[PDB]
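Coordinates from entry.pdb are shown below (PDB, C-alpha atoms).
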```
ATOM      1  CA  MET A   1      87.107  61.308 132.280
ATOM      2  CA  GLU A   2      88.342  64.879 132.437
ATOM      3  CA  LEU A   3      85.713  66.907 134.230
ATOM      4  CA  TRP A   4      86.224  70.568 135.146
ATOM      5  CA  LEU A   5      84.318  71.688 138.228
ATOM      6  CA  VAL A   6      83.905  75.463 138.441
ATOM      7  CA  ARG A   7      82.556  77.230 141.507
ATOM      8  CA  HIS A   8      80.377  80.254 140.812
ATOM      9  CA  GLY A   9      81.861  83.712 141.295
ATOM     10  CA  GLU A  10      81.469  85.619 144.560
ATOM     11  CA  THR A  11      78.089  86.652 145.954
ATOM     12  CA  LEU A  12      77.426  88.798 148.923
ATOM     13  CA  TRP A  13      76.716  85.871 151.242
ATOM     14  CA  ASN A  14      80.053  84.268 150.262
ATOM     15  CA  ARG A  15      81.822  87.297 151.703
ATOM     16  CA  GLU A  16      79.660  87.386 154.755
ATOM     17  CA  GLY A  17      80.184  83.688 155.490
ATOM     18  CA  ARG A  18      76.488  82.879 155.166
ATOM     19  CA  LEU A  19      75.129  79.468 154.183
ATOM     20  CA  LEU A  20      74.073  79.762 150.510
ATOM     21  CA  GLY A  21      72.107  76.930 148.923
ATOM     22  CA  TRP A  22      68.942  77.340 146.882
ATOM     23  CA  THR A  23      68.657  81.038 147.656
ATOM     24  CA  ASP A  24      69.128  82.614 144.235
ATOM     25  CA  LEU A  25      71.692  85.334 145.041
ATOM     26  CA  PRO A  26      73.324  87.224 142.135
ATOM     27  CA  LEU A  27      77.044  87.682 141.627
ATOM     28  CA  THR A  28      78.625  90.789 143.108
ATOM     29  CA  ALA A  29      80.660  93.029 140.808
ATOM     30  CA  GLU A  30      83.841  91.205 141.891
ATOM     31  CA  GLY A  31      82.066  87.907 141.326
ATOM     32  CA  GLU A  32      81.431  88.940 137.727
ATOM     33  CA  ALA A  33      85.088  89.972 137.414
ATOM     34  CA  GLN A  34      86.147  86.531 138.656
ATOM     35  CA  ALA A  35      83.849  84.855 136.118
ATOM     36  CA  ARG A  36      85.246  86.944 133.272
ATOM     37  CA  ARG A  37      88.795  86.001 134.262
ATOM     38  CA  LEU A  38      87.863  82.380 133.612
ATOM     39  CA  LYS A  39      87.145  83.079 129.942
ATOM     40  CA  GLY A  40      89.869  81.549 127.801
ATOM     41  CA  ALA A  41      91.527  79.979 130.849
ATOM     42  CA  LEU A  42      89.261  76.932 130.862
ATOM     43  CA  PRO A  43      89.163  74.440 127.987
ATOM     44  CA  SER A  44      86.176  75.056 125.721
ATOM     45  CA  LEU A  45      84.550  71.689 126.367
ATOM     46  CA  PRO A  46      80.768  71.186 126.290
ATOM     47  CA  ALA A  47      79.312  72.912 129.346
ATOM     48  CA  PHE A  48      76.663  72.142 131.939
ATOM     49  CA  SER A  49      75.470  74.378 134.737
ATOM     50  CA  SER A  50      73.342  74.423 137.858
ATOM     51  CA  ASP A  51      70.230  76.457 137.084
ATOM     52  CA  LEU A  52      70.859  78.819 139.986
ATOM     53  CA  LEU A  53      71.588  82.367 138.872
ATOM     54  CA  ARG A  54      75.146  82.664 140.192
ATOM     55  CA  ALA A  55      76.213  79.499 138.386
ATOM     56  CA  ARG A  56      74.470  80.401 135.115
ATOM     57  CA  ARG A  57      75.925  83.910 135.159
ATOM     58  CA  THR A  58      79.434  82.596 135.857
ATOM     59  CA  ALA A  59      79.173  80.258 132.866
ATOM     60  CA  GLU A  60      78.000  83.089 130.604
ATOM     61  CA  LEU A  61      80.731  85.515 131.648
ATOM     62  CA  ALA A  62      83.270  82.701 131.286
ATOM     63  CA  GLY A  63      82.241  82.387 127.631
ATOM     64  CA  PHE A  64      80.126  79.229 127.823
ATOM     65  CA  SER A  65      76.577  78.257 126.767
ATOM     66  CA  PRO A  66      75.761  75.530 129.237
ATOM     67  CA  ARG A  67      72.853  73.134 129.417
ATOM     68  CA  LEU A  68      70.951  73.631 132.666
ATOM     69  CA  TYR A  69      70.557  70.798 135.179
ATOM     70  CA  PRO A  70      68.990  71.054 138.652
ATOM     71  CA  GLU A  71      71.208  68.177 139.761
ATOM     72  CA  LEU A  72      74.215  70.510 139.843
ATOM     73  CA  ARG A  73      72.590  72.755 142.441
ATOM     74  CA  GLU A  74      74.290  73.416 145.753
ATOM     75  CA  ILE A  75      72.776  71.559 148.694
ATOM     76  CA  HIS A  76      69.416  72.962 149.851
ATOM     77  CA  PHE A  77      69.844  74.410 153.359
ATOM     78  CA  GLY A  78      66.119  74.808 154.006
ATOM     79  CA  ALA A  79      65.469  76.769 157.192
ATOM     80  CA  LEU A  80      69.225  77.320 157.390
ATOM     81  CA  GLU A  81      69.443  79.266 154.117
ATOM     82  CA  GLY A  82      71.353  82.458 154.863
ATOM     83  CA  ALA A  83      72.168  81.209 158.356
ATOM     84  CA  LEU A  84      75.099  83.000 159.936
ATOM     85  CA  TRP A  85      77.967  80.519 160.284
ATOM     86  CA  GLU A  86      78.916  82.237 163.547
ATOM     87  CA  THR A  87      75.651  81.489 165.361
ATOM     88  CA  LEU A  88      75.075  78.150 163.629
ATOM     89  CA  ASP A  89      74.206  75.488 166.179
ATOM     90  CA  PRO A  90      77.279  73.390 166.970
ATOM     91  CA  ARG A  91      75.547  70.191 165.700
ATOM     92  CA  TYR A  92      75.268  71.674 162.207
ATOM     93  CA  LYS A  93      78.623  73.442 162.332
ATOM     94  CA  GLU A  94      80.369  70.159 163.175
ATOM     95  CA  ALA A  95      78.489  68.155 160.543
ATOM     96  CA  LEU A  96      79.378  70.657 157.823
ATOM     97  CA  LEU A  97      83.064  70.961 158.700
ATOM     98  CA  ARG A  98      83.264  67.139 158.705
ATOM     99  CA  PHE A  99      80.942  66.947 155.698
ATOM    100  CA  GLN A 100      78.983  64.049 157.169
ATOM    101  CA  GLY A 101      75.754  63.410 159.080
ATOM    102  CA  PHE A 102      74.275  66.733 158.026
ATOM    103  CA  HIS A 103      70.619  67.395 157.257
ATOM    104  CA  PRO A 104      69.470  71.017 157.577
ATOM    105  CA  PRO A 105      65.813  71.296 158.660
ATOM    106  CA  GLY A 106      63.578  71.745 155.634
ATOM    107  CA  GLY A 107      66.535  71.164 153.317
ATOM    108  CA  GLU A 108      68.467  68.232 151.758
ATOM    109  CA  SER A 109      70.449  65.571 153.625
ATOM    110  CA  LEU A 110      74.122  65.278 152.754
ATOM    111  CA  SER A 111      73.324  61.778 151.519
ATOM    112  CA  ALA A 112      70.529  62.840 149.147
ATOM    113  CA  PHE A 113      72.692  65.713 147.919
ATOM    114  CA  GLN A 114      75.731  63.569 147.186
ATOM    115  CA  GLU A 115      73.606  60.910 145.507
ATOM    116  CA  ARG A 116      72.195  63.348 142.959
ATOM    117  CA  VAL A 117      75.665  64.817 142.368
ATOM    118  CA  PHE A 118      77.415  61.507 141.722
ATOM    119  CA  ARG A 119      74.484  60.192 139.686
ATOM    120  CA  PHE A 120      74.730  63.255 137.453
ATOM    121  CA  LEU A 121      78.416  62.601 136.891
ATOM    122  CA  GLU A 122      77.391  59.035 135.966
ATOM    123  CA  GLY A 123      75.540  60.320 132.920
ATOM    124  CA  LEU A 124      78.430  62.254 131.399
ATOM    125  CA  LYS A 125      79.729  60.527 128.273
ATOM    126  CA  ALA A 126      82.541  62.919 127.445
ATOM    127  CA  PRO A 127      84.807  65.550 129.042
ATOM    128  CA  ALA A 128      82.881  68.626 130.123
ATOM    129  CA  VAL A 129      83.041  71.849 132.131
ATOM    130  CA  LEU A 130      80.549  71.964 135.007
ATOM    131  CA  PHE A 131      79.450  75.281 136.468
ATOM    132  CA  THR A 132      78.327  74.442 139.979
ATOM    133  CA  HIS A 133      78.882  75.022 143.700
ATOM    134  CA  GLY A 134      81.330  74.545 146.584
ATOM    135  CA  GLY A 135      79.408  71.628 148.111
ATOM    136  CA  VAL A 136      79.439  69.800 144.791
ATOM    137  CA  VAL A 137      83.170  70.337 144.333
ATOM    138  CA  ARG A 138      83.791  69.237 147.923
ATOM    139  CA  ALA A 139      81.766  66.044 147.504
ATOM    140  CA  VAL A 140      83.933  65.102 144.531
ATOM    141  CA  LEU A 141      87.257  66.033 146.149
ATOM    142  CA  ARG A 142      86.443  64.093 149.307
ATOM    143  CA  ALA A 143      85.465  60.971 147.367
ATOM    144  CA  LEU A 144      88.844  61.199 145.651
ATOM    145  CA  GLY A 145      90.718  61.194 148.955
ATOM    146  CA  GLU A 146      91.247  64.920 149.103
ATOM    147  CA  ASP A 147      89.474  67.889 150.546
ATOM    148  CA  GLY A 148      88.991  71.523 149.837
ATOM    149  CA  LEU A 149      86.671  74.417 150.202
ATOM    150  CA  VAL A 150      87.591  75.902 146.831
ATOM    151  CA  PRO A 151      87.181  79.678 146.584
ATOM    152  CA  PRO A 152      84.434  81.279 144.465
ATOM    153  CA  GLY A 153      85.494  81.841 140.923
ATOM    154  CA  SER A 154      88.015  78.991 140.804
ATOM    155  CA  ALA A 155      88.056  75.542 139.208
ATOM    156  CA  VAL A 156      89.270  71.986 139.691
ATOM    157  CA  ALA A 157      89.960  69.372 137.043
ATOM    158  CA  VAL A 158      89.522  65.701 137.902
ATOM    159  CA  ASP A 159      89.882  62.382 136.111
ATOM    160  CA  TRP A 160      86.606  60.837 137.245
ATOM    161  CA  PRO A 161      86.312  58.515 138.817
ATOM    162  CA  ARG A 162      90.018  58.039 139.503
ATOM    163  CA  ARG A 163      91.824  61.170 140.723
ATOM    164  CA  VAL A 164      92.196  64.956 140.884
ATOM    165  CA  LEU A 165      94.213  66.509 138.087
ATOM    166  CA  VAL A 166      94.744  70.181 138.873
ATOM    167  CA  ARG A 167      93.349  73.045 140.913
ATOM    168  CA  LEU A 168      93.116  76.361 139.032
ATOM    169  CA  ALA A 169      92.780  79.386 141.317
TER     170      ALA A 169
END
```
Would you mind writing the structure in this file as structure tokens?
Amino acid sequence: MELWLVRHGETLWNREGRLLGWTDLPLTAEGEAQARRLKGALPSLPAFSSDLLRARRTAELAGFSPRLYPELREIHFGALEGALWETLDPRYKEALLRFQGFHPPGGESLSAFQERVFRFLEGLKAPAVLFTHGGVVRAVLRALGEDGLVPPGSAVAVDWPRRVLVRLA
């Protein structure tokens, strides 16, 4: 089934290479500009969005009226929220780059995170546009034999659960 996965527009932390999970950062002015550029470029399918501000706002500026679901949230980084990637302990840095065996203290394990993501996709009955986060898009791409840290403000279409269709940046 055609699913479009859209990563929220830029926030400050995205520029500054900071871990951003459940911290509810707003879009920057450029992030709003990115979201507005998506309007009309994405098919007007029914929309769903993470309930975090930057996802909700991206959906709105993109011309959608999404239903909110906490299952589309980015992974919770717990004590690592806002952690500087530069000084991130090597054990976490390695786990993230590899996207496996990662469980930030006080936050969500990669396994719990991916389970809620894939189980949300399980409930979709028709093609939809999902406003969500980089970790969610990466979980899907990796399962489909590809990878990618898609930029903020961009989207990927996939034929769940079979293959990736197109990356729109």
Could you produce a table of the residues of region 74-127 of chain A lying within 12 Å of region 133-140 of chain A, with the nearest pair of atoms per residue and their separation in Å rounded to one decimal, using all atoms listed in the file, ordered by chain and increasing residue number, as CSV?
```
residue,atom,partner,partner_atom,distance
A:74,CA,A:133,CA,5.3
A:75,CA,A:135,CA,6.7
A:76,CA,A:135,CA,10.2
A:77,CA,A:135,CA,11.3
A:96,CA,A:135,CA,9.8
A:97,CA,A:138,CA,10.9
A:98,CA,A:138,CA,11.0
A:99,CA,A:139,CA,8.3
A:100,CA,A:139,CA,10.3
A:110,CA,A:139,CA,9.3
A:111,CA,A:139,CA,10.3
A:112,CA,A:139,CA,11.8
A:113,CA,A:136,CA,8.5
A:114,CA,A:139,CA,6.5
A:115,CA,A:139,CA,9.8
A:116,CA,A:136,CA,9.9
A:117,CA,A:136,CA,6.7
A:118,CA,A:140,CA,8.0
A:119,CA,A:140,CA,11.7
A:120,CA,A:136,CA,10.9
A:121,CA,A:140,CA,9.7
```
Just write the chosen residues, C-alpha atoms, as a PDB file, in the coordinates of the input.
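And here's result.pdb as it stands now:
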```
ATOM      1  CA  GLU A  74      74.290  73.416 145.753  1.00  0.00           C
ATOM      2  CA  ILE A  75      72.776  71.559 148.694  1.00  0.00           C
ATOM      3  CA  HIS A  76      69.416  72.962 149.851  1.00  0.00           C
ATOM      4  CA  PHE A  77      69.844  74.410 153.359  1.00  0.00           C
ATOM      5  CA  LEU A  96      79.378  70.657 157.823  1.00  0.00           C
ATOM      6  CA  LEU A  97      83.064  70.961 158.700  1.00  0.00           C
ATOM      7  CA  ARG A  98      83.264  67.139 158.705  1.00  0.00           C
ATOM      8  CA  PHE A  99      80.942  66.947 155.698  1.00  0.00           C
ATOM      9  CA  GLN A 100      78.983  64.049 157.169  1.00  0.00           C
ATOM     10  CA  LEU A 110      74.122  65.278 152.754  1.00  0.00           C
ATOM     11  CA  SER A 111      73.324  61.778 151.519  1.00  0.00           C
ATOM     12  CA  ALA A 112      70.529  62.840 149.147  1.00  0.00           C
ATOM     13  CA  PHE A 113      72.692  65.713 147.919  1.00  0.00           C
ATOM     14  CA  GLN A 114      75.731  63.569 147.186  1.00  0.00           C
ATOM     15  CA  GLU A 115      73.606  60.910 145.507  1.00  0.00           C
ATOM     16  CA  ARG A 116      72.195  63.348 142.959  1.00  0.00           C
ATOM     17  CA  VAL A 117      75.665  64.817 142.368  1.00  0.00           C
ATOM     18  CA  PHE A 118      77.415  61.507 141.722  1.00  0.00           C
ATOM     19  CA  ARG A 119      74.484  60.192 139.686  1.00  0.00           C
ATOM     20  CA  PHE A 120      74.730  63.255 137.453  1.00  0.00           C
ATOM     21  CA  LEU A 121      78.416  62.601 136.891  1.00  0.00           C
TER      22      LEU A 121
END
```
task: Tell me, as a PyMOL selection string, which residues lie within 9 Å of residue 154 (chain A), counting all atoms listed in the file; anything in the same chain fewer than 6 positions away does not count.
output: chain A and resi 5-9+34-35+38+167-169
query: Smallest atom-to-atom distance to residue 125 (chain A): which of A:145, A:46, A:101, A:106, using all atoms listed in the file?
result: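 Checking each candidate against residue 125 (chain A), we get A:46 as the closest.
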task: List the neighbours of residue 86 (chain A) out to 12 Å using all atoms listed in the file; skip same-chain residues closer than 2 positions along the sequence, and give me the result as number ranges by chain.
output: A: 16-19, 82-84, 88-90, 92-93
Those residues you just picked out, can you put them in a file as a compact mmCIF listing (two decimals), keeping the file's coordinate frame with C-alpha atoms?
```
# COMPACT_ATOMS: atom_id res chain seq x y z
CA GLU A 16 79.66 87.39 154.76
CA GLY A 17 80.18 83.69 155.49
CA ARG A 18 76.49 82.88 155.17
CA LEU A 19 75.13 79.47 154.18
CA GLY A 82 71.35 82.46 154.86
CA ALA A 83 72.17 81.21 158.36
CA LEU A 84 75.10 83.00 159.94
CA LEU A 88 75.08 78.15 163.63
CA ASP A 89 74.21 75.49 166.18
CA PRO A 90 77.28 73.39 166.97
CA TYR A 92 75.27 71.67 162.21
CA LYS A 93 78.62 73.44 162.33
```
- request: For CA of residue 162 (chain A) and CA of residue 124 (chain A), quote the distance in Å rounded to one decimal.
  value: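 CA of residue 162 (chain A) sits 14.8 Å away from CA of residue 124 (chain A).
When the PyMOL selection byres ((chain A and resi 54-64) around 7) is evaluated on the file shown here, the picked residues come out as residues 8, 9, 25, 26, 27, 32, 35, 36, 38, 39, 47, 49, 50, 51, 52, 53, 65, 66, 131 and 132 of chain A.
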Give, as AutoDock Vina command-line options, the centre coordinates and the x, y and z edge lengths in Å to one decimal for an axis-aligned box around all listed atoms of region 60-75 of chain A, padded by 6 Å on each side.
```
--center_x 76.1 --center_y 76.8 --center_z 137.7 --size_x 26.3 --size_y 29.3 --size_z 33.9
```
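Among A:44, A:10, A:3, A:80, the residue with the shortest atom-to-atom distance to residue 23 (chain A), counting all atoms listed in the file, is A:80.
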message: Please report the interatomic distance between CA of residue 94 (chain A) and CA of residue 73 (chain A) in Å with one decimal.
response: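 Computing the Euclidean distance for CA of residue 94 (chain A) and CA of residue 73 (chain A) yields 22.3 Å.
What separates CA of residue 20 (chain A) from CA of residue 78 (chain A) is a distance of 10.0 Å.
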task: Determine the residue membership of the PyMOL selection byres ((chain A and resi 2) around 12) for the file above and supply it as number ranges by chain.
output: A: 1, 3-5, 43, 45-46, 121, 124-130, 156-166
- request: Name the closest residue to residue 12 (chain A) among the candidates A:108, A:151, A:144, A:31; distances are taken between atoms, counting only C-alpha atoms.
  value: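 Result for the nearest residue to residue 12 (chain A): A:31.
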query: Out of A:91, A:22, A:13, A:142, which residue has the shortest atom-to-atom distance to residue 107 (chain A) when counting only C-alpha atoms?
result: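 With only C-alpha atoms as the atom set, the closest residue is A:22.
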message: With distances taken over only C-alpha atoms, which residue among A:155, A:149, A:141, A:29 lies nearest residue 42 (chain A)?
response: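 Of A:155, A:149, A:141, A:29, the one nearest residue 42 (chain A) is A:155, counting only C-alpha atoms.
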message: Let me make sure I understand: among A:40, A:152, A:48, A:81, which one has the smallest atom-to-atom distance to residue 24 (chain A) if we use all atoms listed in the file?
response: A:81
